[PDB]
């Protein structure tokens, strides 16, 4: 199994979990940063990994790109497949923003179509995903 280098790699970064969440997408081949989300003051790792995939899908669809997306998140890959983000994060005023974005990502999934393959980045074999934040 080899890396499909013609792909978009996404990843979350956090300060705390739950904590400040951000995410970015990069060209798997070159590392060029293609998008970066403004930090969200409270979310979970898995909410951010989910938002990152969905943003990638929208980014690639807007550009008429058939590239696959790599994610290292088993959880978020499944949530996108299911079109349902099964987060445990409490809903209150401080988590309102992340839940709004998660709700809206689900809604996008339920109103749009895509053929984009969503692939597991095999960290054990390949090292850190190219979108990783270098914080671990």
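Numbering follows the first chain given and starts at 1.
Two stretches are in play, 42-50 and 91-99, and the higher mean C-alpha B-factor belongs to 91-99.
Higher mean CA B-factor, judged across 28-36 and 66-74 from the recorded values: 28-36. Split the chain's modelled residues into thirds by C-alpha temperature factor. Residue 55 is in the lowest one. Sort the chain's modelled residues by C-alpha temperature factor and residue 115 lands in the middle third, per the entry.
For residue 11, the recorded CA temperature factor ranks within the lowest third of the chain's modelled residues.
Sorting the modelled residues of the chain by their CA temperature factor places residue 107 in the lowest third. When the modelled residues of the chain are ordered by C-alpha B-factor, residue 126 sits in the highest third.
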